[PDB]
Structures are given as C-alpha cells and as structure tokens.
Amino acid sequence: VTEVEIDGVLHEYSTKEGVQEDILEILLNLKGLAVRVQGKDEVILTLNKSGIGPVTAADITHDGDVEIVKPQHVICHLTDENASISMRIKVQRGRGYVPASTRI
Amino acid sequence: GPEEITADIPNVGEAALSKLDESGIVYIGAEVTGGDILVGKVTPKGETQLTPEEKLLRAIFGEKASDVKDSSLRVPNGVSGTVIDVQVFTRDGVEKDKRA
Amino acid sequence: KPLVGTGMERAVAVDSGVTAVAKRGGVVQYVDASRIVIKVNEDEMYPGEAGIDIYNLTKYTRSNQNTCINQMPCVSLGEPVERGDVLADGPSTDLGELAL
Amino acid sequence: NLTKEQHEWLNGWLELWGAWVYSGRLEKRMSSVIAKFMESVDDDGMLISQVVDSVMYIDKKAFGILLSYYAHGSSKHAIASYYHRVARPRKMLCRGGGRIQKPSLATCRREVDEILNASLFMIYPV
Amino acid sequence: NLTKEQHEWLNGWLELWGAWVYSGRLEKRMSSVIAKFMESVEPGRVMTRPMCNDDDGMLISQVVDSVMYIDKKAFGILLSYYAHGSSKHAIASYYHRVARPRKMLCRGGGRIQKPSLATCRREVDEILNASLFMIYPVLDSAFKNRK
Amino acid sequence: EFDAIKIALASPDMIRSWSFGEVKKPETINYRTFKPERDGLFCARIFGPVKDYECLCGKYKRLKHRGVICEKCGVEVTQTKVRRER
Amino acid sequence: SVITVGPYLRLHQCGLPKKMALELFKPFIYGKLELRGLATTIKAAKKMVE
Ligand SMILES: [Zn+2]
C-alpha cells in the first residue's frame, strides 16, 4: 500500500463519526494488507461499505489484474446503522523498506 | 494602532501564501515544515486615526496610505509536523473573524 | 501488555483516572470512537430519573510534557459491563492493565 | 503670473466665497463635486461659483483642494502633509536621481504652491 | 540600446535585487533602547527599501552572475548603483579619486592625468547602458523559463 | 601596549576627572513616551548618543555632522558604543 | 550532543553528524563558496547554505 485517501477526513490524527476505530489504527491495519498485482506497476483501489458490521478485505472494488490474498483481514467495525467509509487506496510496486518522509 | 491578522503581507512569495486561508490562518491538516508561516500578523506602522480634517481629505483624495511591517508567526527552525487544531480567543467588543 | 507482570497493574491502571471506568453495571448500547453509550441495568437504575450513561472520551490533547494523551474503546457492542470496570484504554493502558 | 493686488483681491473674494458656500447655501446643481463637498459637512457666491466651477470644472482635484483651503479653511501644511501621505512612486530627475520613489514633503509643498498659483492664475480673468 | 519600458521593468527588478542583497549587509549598529524608542514614534524617513522573495533574488542573482561574471568592474559599479543606492555622480567622485593616472592618450596630446570628472561620467554611463542591454533578453527569458 | 596593573585609593578630584556630569534627578525614563531625560540616570547629554550618530531630538541625522554637539538638548554625536563607559 | 560508538573508526578520527558540521563551518562554506564562484555575493551564499 502506498497512500490512502479516506473521504471525510482532514488528517490522520482525527476521528470519524460512525466507526469504533481511530484513523491511525485503520491505516496501520492497512500497512499489513497484502495484495497481488500483475499487469501494472501502480493501481488505485476503492472500497465502499455501509451497514453495521466488520469491514473485511472483501469490500474493495476488485479488478482482474489486482488480487487480494487474505479475504478475512479485518480493517474496522462500523457501529452505526447508517454510516460508511469510502477511501481510495493507492498501491504500487517497490523493493525494500521506504518510510514516508524520505520521498520527494 | 492595533495589529492585523489577515493574509495581506508585504514581500514574501506565494509559497507560504498557498497554505493559508482567506483569513491568514493555515488550514487544519496542512503539513508544514520549519520556517513556514502559520498566521500572517502585521502591524500598521504609520496608521493615522486623526481629526475629521483628515477624514475629510481622505474622502477627497482616497484612502491610499499607512500600510507597512509584518510580524507573522513562523514555524520554529528544524521542526515540522501537522496542524491538528486552532484555538482563537477574542477580546470582547472586537469583531470576530470568519474562521472564528 | 507486559508478560512478566507483578499483579499491581490493575490497581494502578484503575486508580489513575486516565482511563474511563463504568460507574454502574450495564449493557453497551452504542460504541463510537468518540463517545460511548451505556444502557443502565434496572437494579442500579434509580427509580426516579431512569436515564442512561454517556461517557465522552478524551481525544488527542497536549500533556504537561508535550505528549499525546488519548483514550481508546476496548469494549464491543451488545455487551454486559460491570460497575467499576474499565471501558477506555487511556494512554499506556491496555484492557485495564498498565503497560508502559 | 498674477500680481499681489489680484492675489489679495480675489483672495478676499474666495474667502467670502468659501465662507458663503461652506455654510451650505449653495445647491447641488452647480457641481456634483460641489455636491460632493456638501456631502462632507448669496448671488455673489453663486456668480463666483459659476466662475470657479467653469474654470476648475475640468480638473476637480485641485478644485477640491481649493474647497479644502477656502471653503473649509485648512492650512497649506496639512494639505501637503496628507498629500505626501497619499503619494505614489513616480519618475523624477531628482537631487538623488531618476529612480522611482515616493517624493519628499517639500516637493509636495512646492506642488501645492504651484497648483495654487496656477489655479488662481486660471481663475482670475474669469 | 534598450527601450524605455524595458528600462522601467528591469530597473524595478534590479532595485528589488540590490535591496535584497543589501539586506545581507555584514553588520549595522542600533542599540538596546532605540527599538523601544522606535515603536512608539513615527520615524519619518522609512529607509526600508522593499525587496523580492528569495526565489526571484536568488534567480536573478544567478542571471547577473551568469552574464556579469566576466567584468568585475562593471559588476562592482552595478552593486554600487543598486546595492548601496549611490548615485552615478557619487561613484564618479569615488572612482575619479582613484582612477589612476594610467597615461591615457587623449585627442589633446600626451598627458599624465586622470581623465576628468567631466570625463568619468560618460565613462560610467556607457558601461551600464550596455550592461542592462546585455543582460535584458537573458533575464526576460529567465522569468519565462521558470514560467 | 601596556605593562603592569596599578591601583590606588581614589582622590576626589580624580573622580571629578572621570565624570562628564552630575546626576540630579531620580527618574530614568519617560514611561509616558519612552525618552531619556535631561539629567537623570539614563542621560544623553551626560552619557552620549543613545541612537547612532544621531541626537535625541534627531537634529543631526547624518554622518557629516560628526564633531559638533546638538543644541535642542546638547548631545555630542559619536557612536552608541560610547555610552558604555562614560 | 550525545555520544555513541561506531567502532569502525581508526583512533585518529571521530564521527561527526552532517547537520552539526554544516552548522559549525558556515563561514568556511562562505569562503570557499566565494572562491569557486558558485555564488558571487554573500546573501546568495546565505540562501545556498539555507
Ligand atoms: Zn537635540
């Protein structure tokens, strides 16, 4: 995973009404998210999920070239009857350990 | 005279001006580095506030004059990070600003 | 949590009020990241003024030493709680246990 | 250039003229600039007001300055003071040089003096 | 020779430039009272010459270095004119004092003298008149090159 | 430049030789405006230019006037370093 | 600042961090930077070392 743009959120150090988790725990859960891509070198993934329950790996809008490997990997729990998340997950190739500060 | 808070400044580039609001205040969440400008504060050095002879001749000539200085709150050197909150306290009887 | 504990971690975790403890025994109604809502059980419910318990968690705020103090929900929804039990893991607290 | 008897003569005429107008005894129809000055507060004053409005109709800035000096009764030094306050940078072949900057106070004093002398000079035969 | 508008526009950039570099003066003076003496008075002569940002001043510093690196005399009088803000006649005096009786041979005859102060003016003037004309199309593209 | 350090007890007229004036008034600054006063503690005309080559009233504003005292308060134009030791 | 080891050094030398070096030797940077002519005037070198 490279970077995530969740919708109604200014920045990582705040919350979102409708989820039990903080933003920070969510994207650290996404740091462990594994996926397989074939035809590209970068790709943007998208999830849209409402309703009470856990947010699994299944709720992304999958394609034919991308492939999640662990469908059970949880992200968060929606707690509201009517709330949703809509992030866009940018994913690219790479090699090694790259912190966020050393870029550009 | 008083001092002002707005995004009007003398003589810095548009780089720091990119990251303020219309009121002169950084948005919540704009990541900044050291030396960046958080709030553009200026002083009117040379403000008049004179007799109605003045305000007469201001109505005659226009209001062009009495604008100088700057004391913007700048980020300390070497530190960086992310804005998460802005607090504004306002003395009573003073006009509150838009972001406030 | 630490593996080699010393048994005191419940006590110092509770008595430090940086965690938020259920004042009455109840059942969780509504979990949120910011607030938390408890249905009060009937026995501990006062006859007049039935009511429910609403606790508001402390989010990111500046400590005395410039560090992050923050509280997290450690409970699920639809769940019996006990009077005098942990609900919010505060900073360096885990599941009611103190853990540096 | 005018003479000094003309200076004192028409000077006294502008003194009773501005003292007449500034009381508010003049109508909007003489000028919208006279009306502008009356927004900022007998046949002798109306005859001379036709004269002065006729000659100084075309500039309106030194006409307003003329009202400031005679109608209101302001000192020359304050007028050049505020005029130095409203100054813009200009090209002048200075004692310093042809660089482009805001002029000095004494220059502004000179300009009020010469716009005074030219103003009175253009008024006088009319 | 250059034109009138070019002289204006380039002239404004250069006074912003030498104003900017003049702020990198080694040391001033002041005191510990005078600032307190200063904020509650109106001074009069605002000596605060305005300057550009660091991007423009650095950029046109690279421009002026990029052409004017070949003559250090013309560069020096350039900094005299915009940096210190001194007049042409003033550096005609400074320069005329130490112009050095280099035995320049005039149309009068063989002579052992400074060229005159009447000479040294048009000496100075032909330098920067050519110099701005040299650097102008470079700089005018240079703002466009960033653009 | 200089050899040994010598001390001695102080004669009175030696102390008169050291001074440039007598302090007389127990104020130091204006507090209303921010000026130093006539013959108070922080004095100009005893101790010198609080500004730099410039008078208190600002009579001699340039380096050309160097050498002559003022007249609206009577201060000699020098550096502001000189108020460190007079 | 705070010491640490780095045993790979020989003993006639010590480690030093790049930030503290770039702060401590600023007038030398000005001097040789003027010498090479990478920037003519001083304030140019000020913004180059900044
Ligand atoms: Zn004086």
# chains A, B, ... in the order shown; residues from 1 in each chain; ligands from 1
>>> closest_atom_pairs(of="chain D", to="chain E", cutoff="9 Å", atoms="only C-alpha atoms", output="tab-separated table")
residue	atom	partner	partner_atom	distance
D:96	CA	E:87	CA	6.7
D:97	CA	E:87	CA	6.8
D:99	CA	E:11	CA	8.6
D:100	CA	E:12	CA	8.3
>>> residues_near_ligand(ligand="ligand 1", cutoff="8 Å", atoms="only C-alpha atoms and all ligand atoms", output="ChimeraX atom specification")
/F:55-60,70-75
>>> write_last_selection(atoms="N, CA and C atoms", output="short mmCIF file (atom, residue, chain, number, x, y, z; two decimals), in the first residue's frame")
data_model
loop_
_atom_site.label_atom_id
_atom_site.label_comp_id
_atom_site.auth_asym_id
_atom_site.auth_seq_id
_atom_site.Cartn_x
_atom_site.Cartn_y
_atom_site.Cartn_z
N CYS F 55 21.12 62.71 17.29
CA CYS F 55 20.71 63.40 18.51
C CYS F 55 19.48 62.73 19.12
N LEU F 56 19.15 63.17 20.34
CA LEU F 56 17.88 62.80 20.96
C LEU F 56 16.71 63.32 20.15
N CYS F 57 16.70 64.62 19.85
CA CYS F 57 15.62 65.16 19.05
C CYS F 57 15.79 64.85 17.58
N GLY F 58 16.93 64.27 17.20
CA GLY F 58 17.21 63.98 15.81
C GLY F 58 17.64 65.19 15.02
N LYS F 59 18.46 66.06 15.61
CA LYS F 59 18.84 67.28 14.91
C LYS F 59 19.91 67.01 13.86
N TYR F 60 20.85 66.12 14.17
CA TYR F 60 22.00 65.85 13.31
C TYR F 60 21.94 64.38 12.89
N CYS F 70 24.71 68.89 19.74
CA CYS F 70 23.40 69.41 19.40
C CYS F 70 23.12 70.66 20.22
N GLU F 71 21.94 71.24 20.01
CA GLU F 71 21.54 72.44 20.72
C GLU F 71 20.15 72.33 21.31
N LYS F 72 19.30 71.46 20.76
CA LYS F 72 17.96 71.31 21.32
C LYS F 72 18.00 70.48 22.59
N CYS F 73 19.04 69.66 22.75
CA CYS F 73 19.32 69.07 24.05
C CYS F 73 20.79 69.16 24.41
N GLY F 74 21.66 69.36 23.43
CA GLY F 74 23.08 69.46 23.70
C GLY F 74 23.78 68.13 23.89
N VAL F 75 23.77 67.27 22.88
CA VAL F 75 24.45 65.98 22.92
C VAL F 75 25.47 65.95 21.79
#
>>> select_by_dssp(residues="chain B", states="helix (DSSP H, G or I)", output="list in words")
residues 14, 15, 16, 17, 52, 53, 54, 55, 56, 57, 58, 59, 60 and 61 of chain B
>>> write_last_selection(atoms="N, CA, C and O atoms", output="CSV table (one decimal), in the first residue's frame")
chain,number,residue,atom,x,y,z
B,14,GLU,N,4.6,33.5,-2.9
B,14,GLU,CA,3.3,32.8,-2.9
B,14,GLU,C,3.3,31.4,-2.3
B,14,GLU,O,2.3,30.8,-2.1
B,15,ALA,N,4.5,30.9,-2.0
B,15,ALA,CA,4.7,29.6,-1.4
B,15,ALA,C,4.1,29.5,0.0
B,15,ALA,O,3.2,28.6,0.2
B,16,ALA,N,4.4,30.4,0.9
B,16,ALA,CA,3.7,30.4,2.2
B,16,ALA,C,2.3,30.9,2.1
B,16,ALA,O,1.4,30.5,2.8
B,17,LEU,N,2.0,31.7,1.1
B,17,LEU,CA,0.6,32.2,0.9
B,17,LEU,C,-0.3,31.1,0.4
B,17,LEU,O,-1.5,31.2,0.5
B,52,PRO,N,-11.4,64.9,11.9
B,52,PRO,CA,-12.2,64.9,10.7
B,52,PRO,C,-11.7,65.8,9.6
B,52,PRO,O,-12.3,65.7,8.5
B,53,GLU,N,-10.7,66.7,9.8
B,53,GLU,CA,-10.0,67.2,8.7
B,53,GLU,C,-9.3,66.2,7.9
B,53,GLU,O,-9.2,66.2,6.7
B,54,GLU,N,-8.7,65.2,8.6
B,54,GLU,CA,-8.1,64.1,7.9
B,54,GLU,C,-9.1,63.3,7.1
B,54,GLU,O,-9.0,63.1,5.9
B,55,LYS,N,-10.2,62.9,7.8
B,55,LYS,CA,-11.2,62.0,7.1
B,55,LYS,C,-11.9,62.8,6.0
B,55,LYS,O,-12.3,62.2,5.0
B,56,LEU,N,-12.0,64.1,6.2
B,56,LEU,CA,-12.3,64.9,5.1
B,56,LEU,C,-11.4,64.7,3.9
B,56,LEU,O,-11.8,64.4,2.8
B,57,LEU,N,-10.1,64.9,4.1
B,57,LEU,CA,-9.2,64.9,3.0
B,57,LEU,C,-8.9,63.4,2.5
B,57,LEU,O,-8.4,63.2,1.4
B,58,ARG,N,-9.3,62.5,3.3
B,58,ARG,CA,-9.3,61.1,2.9
B,58,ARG,C,-10.5,60.8,2.0
B,58,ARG,O,-10.3,60.1,1.0
B,59,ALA,N,-11.6,61.4,2.3
B,59,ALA,CA,-12.7,61.4,1.3
B,59,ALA,C,-12.4,62.1,0.1
B,59,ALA,O,-12.9,61.8,-1.0
B,60,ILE,N,-11.6,63.1,0.1
B,60,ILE,CA,-11.2,63.9,-1.0
B,60,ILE,C,-10.2,63.1,-1.9
B,60,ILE,O,-10.4,63.0,-3.1
B,61,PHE,N,-9.1,62.6,-1.3
B,61,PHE,CA,-8.0,62.1,-2.0
B,61,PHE,C,-8.1,60.6,-2.2
B,61,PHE,O,-7.4,60.0,-3.0
>>> atom_distance(atom1="CA of residue 65 (chain F)", atom2="CA of residue 49 (chain F)")
13.3 Å
>>> interface_residues(of="chain B", to="chain G", cutoff="12 Å", atoms="only C-alpha atoms", output="number ranges by chain")
B: 34-35, 77-78
>>> select_by_dssp(residues="region 52-92 of chain B", states="strand (DSSP E)", output="number ranges by chain")
B: 73-74, 81-82
>>> closest_atom_pairs(of="region 12-55 of chain C", to="region 65-80 of chain A", cutoff="10 Å", atoms="only C-alpha atoms", output="Markdown table")
| residue | atom | partner | partner_atom | distance |
| --- | --- | --- | --- | --- |
| C:30 | CA | A:79 | CA | 7.5 |
| C:31 | CA | A:79 | CA | 6.4 |
| C:32 | CA | A:79 | CA | 6.8 |
| C:33 | CA | A:79 | CA | 9.4 |
>>> atom_distance(atom1="CA of residue 64 (chain E)", atom2="CA of residue 22 (chain G)")
27.3 Å
>>> interface_residues(of="chain E", to="chain F", cutoff="8 Å", atoms="only C-alpha atoms", output="PyMOL selection string")
chain E and resi 29-31+33-34+36-37+40
>>> write_last_selection(atoms="N, CA, C and O atoms", output="CSV table (one decimal), in the first residue's frame")
chain,number,residue,atom,x,y,z
E,29,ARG,N,24.3,48.7,13.3
E,29,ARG,CA,24.7,49.4,14.6
E,29,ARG,C,23.6,49.2,15.6
E,29,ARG,O,23.6,48.2,16.4
E,30,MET,N,22.6,50.2,15.7
E,30,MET,CA,21.4,50.2,16.6
E,30,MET,C,21.9,50.3,18.0
E,30,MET,O,22.9,50.8,18.3
E,31,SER,N,21.0,49.7,18.9
E,31,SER,CA,21.3,49.8,20.4
E,31,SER,C,20.3,48.8,21.1
E,31,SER,O,19.9,47.8,20.5
E,33,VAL,N,17.9,50.3,23.4
E,33,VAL,CA,16.9,51.2,23.9
E,33,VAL,C,16.0,51.6,22.6
E,33,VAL,O,14.8,51.7,22.7
E,34,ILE,N,16.7,51.8,21.5
E,34,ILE,CA,16.2,52.5,20.3
E,34,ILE,C,15.0,51.9,19.8
E,34,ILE,O,14.1,52.5,19.2
E,36,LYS,N,12.7,50.3,21.5
E,36,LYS,CA,11.6,50.8,22.4
E,36,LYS,C,11.4,52.2,22.2
E,36,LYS,O,10.3,52.7,22.3
E,37,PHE,N,12.4,53.0,21.8
E,37,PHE,CA,12.3,54.4,21.5
E,37,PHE,C,11.6,54.6,20.1
E,37,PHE,O,11.1,55.6,19.8
E,40,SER,N,7.1,53.6,19.4
E,40,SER,CA,6.0,54.5,19.8
E,40,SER,C,6.2,55.9,19.2
E,40,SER,O,5.6,56.8,19.6
>>> residues_around(residues="residue 70 (chain C)", least_positions_apart="5", cutoff="6 Å", atoms="only C-alpha atoms", output="list in words")
residues 58, 59, 60, 90 and 91 of chain C
>>> write_last_selection(atoms="N, CA, C and O atoms", output="PDB file, in the first residue's frame")
ATOM      1  N   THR C  58     -11.603  11.390  26.003  1.00  0.00           N
ATOM      2  CA  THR C  58     -10.623  12.430  25.753  1.00  0.00           C
ATOM      3  C   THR C  58      -9.809  12.022  24.544  1.00  0.00           C
ATOM      4  O   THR C  58      -9.162  10.972  24.558  1.00  0.00           O
ATOM      5  N   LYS C  59      -9.848  12.834  23.504  1.00  0.00           N
ATOM      6  CA  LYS C  59      -9.003  12.577  22.355  1.00  0.00           C
ATOM      7  C   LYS C  59      -7.695  13.335  22.500  1.00  0.00           C
ATOM      8  O   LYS C  59      -7.300  13.724  23.600  1.00  0.00           O
ATOM      9  N   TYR C  60      -6.997  13.487  21.379  1.00  0.00           N
ATOM     10  CA  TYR C  60      -5.635  13.997  21.321  1.00  0.00           C
ATOM     11  C   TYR C  60      -5.534  15.380  21.918  1.00  0.00           C
ATOM     12  O   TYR C  60      -6.112  16.334  21.402  1.00  0.00           O
ATOM     13  N   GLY C  90      -6.852   4.317  28.216  1.00  0.00           N
ATOM     14  CA  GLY C  90      -6.164   5.572  28.065  1.00  0.00           C
ATOM     15  C   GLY C  90      -4.742   5.339  27.605  1.00  0.00           C
ATOM     16  O   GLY C  90      -4.391   4.258  27.125  1.00  0.00           O
ATOM     17  N   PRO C  91      -3.886   6.335  27.775  1.00  0.00           N
ATOM     18  CA  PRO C  91      -2.521   6.210  27.277  1.00  0.00           C
ATOM     19  C   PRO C  91      -1.714   5.258  28.138  1.00  0.00           C
ATOM     20  O   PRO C  91      -1.756   5.318  29.367  1.00  0.00           O
TER      21      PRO C  91
END
>>> closest_residue(among="B:19, B:73, B:12, B:25", to="residue 98 (chain B)", atoms="only C-alpha atoms")
B:25
>>> interface_residues(of="chain A", to="chain C", cutoff="9 Å", atoms="only C-alpha atoms", output="ChimeraX atom specification")
/A:13-22,78-80
>>> write_last_selection(atoms="C-alpha atoms", output="PDB file, in the first residue's frame")
ATOM      1  CA  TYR A  13      -4.979  12.416  13.910  1.00  0.00           C
ATOM      2  CA  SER A  14      -8.722  12.844  13.999  1.00  0.00           C
ATOM      3  CA  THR A  15     -11.705  10.540  14.086  1.00  0.00           C
ATOM      4  CA  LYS A  16     -14.703   9.683  12.001  1.00  0.00           C
ATOM      5  CA  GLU A  17     -18.262   9.508  13.287  1.00  0.00           C
ATOM      6  CA  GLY A  18     -19.596   6.025  12.746  1.00  0.00           C
ATOM      7  CA  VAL A  19     -16.618   3.767  13.348  1.00  0.00           C
ATOM      8  CA  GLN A  20     -15.221   2.479  16.607  1.00  0.00           C
ATOM      9  CA  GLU A  21     -11.632   2.820  15.487  1.00  0.00           C
ATOM     10  CA  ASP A  22      -9.342   5.720  15.050  1.00  0.00           C
ATOM     11  CA  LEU A  78     -18.941   0.024  11.512  1.00  0.00           C
ATOM     12  CA  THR A  79     -21.041   0.711  14.548  1.00  0.00           C
ATOM     13  CA  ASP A  80     -23.715   2.978  13.061  1.00  0.00           C
TER      14      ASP A  80
END
>>> residues_around(residues="residue 67 (chain D)", least_positions_apart="6", cutoff="10 Å", atoms="only C-alpha atoms", output="short mmCIF file (atom, residue, chain, number, x, y, z; two decimals) with N, CA, C and O atoms, in the first residue's frame")
data_model
loop_
_atom_site.label_atom_id
_atom_site.label_comp_id
_atom_site.auth_asym_id
_atom_site.auth_seq_id
_atom_site.Cartn_x
_atom_site.Cartn_y
_atom_site.Cartn_z
N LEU D 14 -12.47 84.82 -2.56
CA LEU D 14 -12.59 83.40 -2.28
C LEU D 14 -12.79 83.15 -0.80
O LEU D 14 -13.27 82.08 -0.42
N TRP D 17 -16.36 83.88 -0.51
CA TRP D 17 -16.98 82.87 -1.34
C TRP D 17 -17.06 81.54 -0.62
O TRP D 17 -18.13 80.95 -0.51
N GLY D 18 -15.93 81.06 -0.09
CA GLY D 18 -15.93 79.80 0.62
C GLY D 18 -16.66 79.87 1.95
O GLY D 18 -17.27 78.90 2.39
N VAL D 21 -20.26 79.49 0.77
CA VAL D 21 -20.65 78.16 0.30
C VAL D 21 -20.69 77.19 1.47
O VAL D 21 -21.63 76.40 1.61
N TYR D 22 -19.68 77.26 2.34
CA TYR D 22 -19.45 76.21 3.32
C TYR D 22 -20.53 76.19 4.40
O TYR D 22 -20.76 75.15 5.03
N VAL D 33 -19.38 67.94 -7.78
CA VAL D 33 -18.19 67.97 -6.93
C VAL D 33 -18.41 68.95 -5.79
O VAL D 33 -17.96 68.73 -4.66
N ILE D 34 -19.11 70.06 -6.07
CA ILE D 34 -19.61 70.92 -5.01
C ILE D 34 -20.61 70.15 -4.16
O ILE D 34 -20.60 70.25 -2.92
N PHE D 37 -18.61 67.95 -1.95
CA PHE D 37 -18.08 68.64 -0.78
C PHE D 37 -19.18 68.90 0.24
O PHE D 37 -18.94 68.82 1.45
N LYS D 61 -9.69 67.92 -8.87
CA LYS D 61 -8.83 67.55 -7.77
C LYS D 61 -8.32 68.79 -7.07
O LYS D 61 -8.50 68.96 -5.87
N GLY D 73 -11.10 76.05 5.04
CA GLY D 73 -10.11 76.77 5.82
C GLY D 73 -9.02 75.90 6.39
O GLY D 73 -8.79 75.93 7.60
N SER D 74 -8.34 75.12 5.56
CA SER D 74 -7.29 74.26 6.06
C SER D 74 -5.93 74.88 5.78
O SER D 74 -5.76 75.65 4.83
#
>>> atom_distance(atom1="CA of residue 45 (chain F)", atom2="CA of residue 12 (chain F)")
22.7 Å
>>> residues_around(residues="residue 28 (chain F)", least_positions_apart="4", cutoff="10 Å", atoms="only C-alpha atoms", output="ChimeraX atom specification")
/F:35-43
>>> decode(residues="region 1-37 of chain G", atoms="N, CA and C atoms", output="mmCIF file, in the first residue's frame")
data_model
loop_
_atom_site.group_PDB
_atom_site.id
_atom_site.type_symbol
_atom_site.label_atom_id
_atom_site.label_comp_id
_atom_site.auth_asym_id
_atom_site.auth_seq_id
_atom_site.Cartn_x
_atom_site.Cartn_y
_atom_site.Cartn_z
ATOM 1 N N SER G 1 26.104 17.255 21.711
ATOM 2 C CA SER G 1 25.082 16.219 21.642
ATOM 3 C C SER G 1 25.577 14.960 22.327
ATOM 4 N N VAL G 2 24.935 13.861 21.986
ATOM 5 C CA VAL G 2 25.055 12.621 22.736
ATOM 6 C C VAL G 2 25.996 11.677 22.007
ATOM 7 N N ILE G 3 26.838 10.978 22.750
ATOM 8 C CA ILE G 3 27.877 10.151 22.159
ATOM 9 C C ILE G 3 27.366 8.746 21.910
ATOM 10 N N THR G 4 27.994 8.079 20.950
ATOM 11 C CA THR G 4 27.758 6.681 20.636
ATOM 12 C C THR G 4 29.028 6.134 20.019
ATOM 13 N N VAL G 5 29.031 4.868 19.626
ATOM 14 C CA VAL G 5 30.349 4.291 19.412
ATOM 15 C C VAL G 5 30.822 4.324 17.967
ATOM 16 N N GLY G 6 30.279 3.465 17.113
ATOM 17 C CA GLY G 6 30.853 3.292 15.795
ATOM 18 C C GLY G 6 32.300 2.817 15.787
ATOM 19 N N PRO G 7 32.536 1.541 16.093
ATOM 20 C CA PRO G 7 33.906 1.059 16.299
ATOM 21 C C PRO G 7 34.763 0.968 15.053
ATOM 22 N N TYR G 8 34.209 1.185 13.877
ATOM 23 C CA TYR G 8 34.941 1.024 12.632
ATOM 24 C C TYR G 8 35.940 2.134 12.370
ATOM 25 N N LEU G 9 35.992 3.144 13.214
ATOM 26 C CA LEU G 9 36.916 4.237 13.015
ATOM 27 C C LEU G 9 38.314 3.837 13.440
ATOM 28 N N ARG G 10 39.301 4.497 12.864
ATOM 29 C CA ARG G 10 40.610 4.432 13.472
ATOM 30 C C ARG G 10 40.668 5.464 14.580
ATOM 31 N N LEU G 11 41.716 5.422 15.389
ATOM 32 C CA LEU G 11 41.619 6.256 16.576
ATOM 33 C C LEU G 11 42.011 7.701 16.325
ATOM 34 N N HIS G 12 42.624 8.025 15.197
ATOM 35 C CA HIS G 12 42.965 9.415 14.946
ATOM 36 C C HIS G 12 41.816 10.187 14.331
ATOM 37 N N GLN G 13 40.580 9.768 14.567
ATOM 38 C CA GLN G 13 39.435 10.363 13.909
ATOM 39 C C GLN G 13 38.199 10.040 14.721
ATOM 40 N N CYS G 14 37.152 10.825 14.521
ATOM 41 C CA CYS G 14 35.905 10.621 15.231
ATOM 42 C C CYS G 14 34.742 10.870 14.293
ATOM 43 N N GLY G 15 33.591 10.392 14.691
ATOM 44 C CA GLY G 15 32.407 10.640 13.920
ATOM 45 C C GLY G 15 31.860 12.011 14.187
ATOM 46 N N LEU G 16 31.139 12.541 13.207
ATOM 47 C CA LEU G 16 30.503 13.830 13.412
ATOM 48 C C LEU G 16 29.293 13.919 12.501
ATOM 49 N N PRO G 17 28.189 14.467 12.977
ATOM 50 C CA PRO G 17 26.961 14.444 12.193
ATOM 51 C C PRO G 17 26.950 15.544 11.161
ATOM 52 N N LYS G 18 26.211 15.298 10.085
ATOM 53 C CA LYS G 18 26.240 16.208 8.953
ATOM 54 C C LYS G 18 25.583 17.528 9.281
ATOM 55 N N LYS G 19 24.550 17.500 10.111
ATOM 56 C CA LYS G 19 23.881 18.741 10.459
ATOM 57 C C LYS G 19 24.764 19.628 11.312
ATOM 58 N N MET G 20 25.426 19.053 12.312
ATOM 59 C CA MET G 20 26.285 19.859 13.167
ATOM 60 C C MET G 20 27.509 20.344 12.418
ATOM 61 N N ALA G 21 27.979 19.567 11.451
ATOM 62 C CA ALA G 21 29.093 20.035 10.647
ATOM 63 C C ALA G 21 28.666 21.201 9.782
ATOM 64 N N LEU G 22 27.497 21.083 9.161
ATOM 65 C CA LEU G 22 27.023 22.131 8.276
ATOM 66 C C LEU G 22 26.638 23.375 9.052
ATOM 67 N N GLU G 23 26.408 23.247 10.343
ATOM 68 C CA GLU G 23 26.249 24.450 11.128
ATOM 69 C C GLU G 23 27.578 25.026 11.583
ATOM 70 N N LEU G 24 28.529 24.191 11.981
ATOM 71 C CA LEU G 24 29.714 24.737 12.630
ATOM 72 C C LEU G 24 30.650 25.419 11.652
ATOM 73 N N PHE G 25 30.634 25.038 10.383
ATOM 74 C CA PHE G 25 31.661 25.536 9.486
ATOM 75 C C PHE G 25 31.136 26.529 8.467
ATOM 76 N N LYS G 26 29.995 27.154 8.764
ATOM 77 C CA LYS G 26 29.349 28.091 7.845
ATOM 78 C C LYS G 26 30.227 29.210 7.293
ATOM 79 N N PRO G 27 31.124 29.860 8.046
ATOM 80 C CA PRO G 27 31.950 30.867 7.386
ATOM 81 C C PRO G 27 32.975 30.269 6.454
ATOM 82 N N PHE G 28 33.423 29.047 6.708
ATOM 83 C CA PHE G 28 34.301 28.399 5.747
ATOM 84 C C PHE G 28 33.552 28.068 4.473
ATOM 85 N N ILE G 29 32.278 27.713 4.612
ATOM 86 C CA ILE G 29 31.446 27.448 3.450
ATOM 87 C C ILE G 29 31.289 28.710 2.641
ATOM 88 N N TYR G 30 31.138 29.830 3.335
ATOM 89 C CA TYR G 30 31.070 31.113 2.663
ATOM 90 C C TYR G 30 32.371 31.408 1.945
ATOM 91 N N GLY G 31 33.494 31.042 2.556
ATOM 92 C CA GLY G 31 34.773 31.424 1.995
ATOM 93 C C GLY G 31 35.103 30.649 0.741
ATOM 94 N N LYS G 32 35.072 29.328 0.828
ATOM 95 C CA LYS G 32 35.383 28.560 -0.355
ATOM 96 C C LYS G 32 34.278 28.658 -1.386
ATOM 97 N N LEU G 33 33.051 28.905 -0.942
ATOM 98 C CA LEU G 33 31.959 29.053 -1.887
ATOM 99 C C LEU G 33 32.111 30.346 -2.674
ATOM 100 N N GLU G 34 32.646 31.388 -2.041
ATOM 101 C CA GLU G 34 33.017 32.576 -2.796
ATOM 102 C C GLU G 34 34.170 32.289 -3.735
ATOM 103 N N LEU G 35 35.109 31.449 -3.302
ATOM 104 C CA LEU G 35 36.286 31.170 -4.111
ATOM 105 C C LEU G 35 35.920 30.479 -5.413
ATOM 106 N N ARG G 36 35.084 29.456 -5.334
ATOM 107 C CA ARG G 36 34.691 28.752 -6.541
ATOM 108 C C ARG G 36 33.743 29.548 -7.409
ATOM 109 N N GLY G 37 33.184 30.636 -6.900
ATOM 110 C CA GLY G 37 32.329 31.451 -7.725
ATOM 111 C C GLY G 37 30.985 30.845 -8.016
#
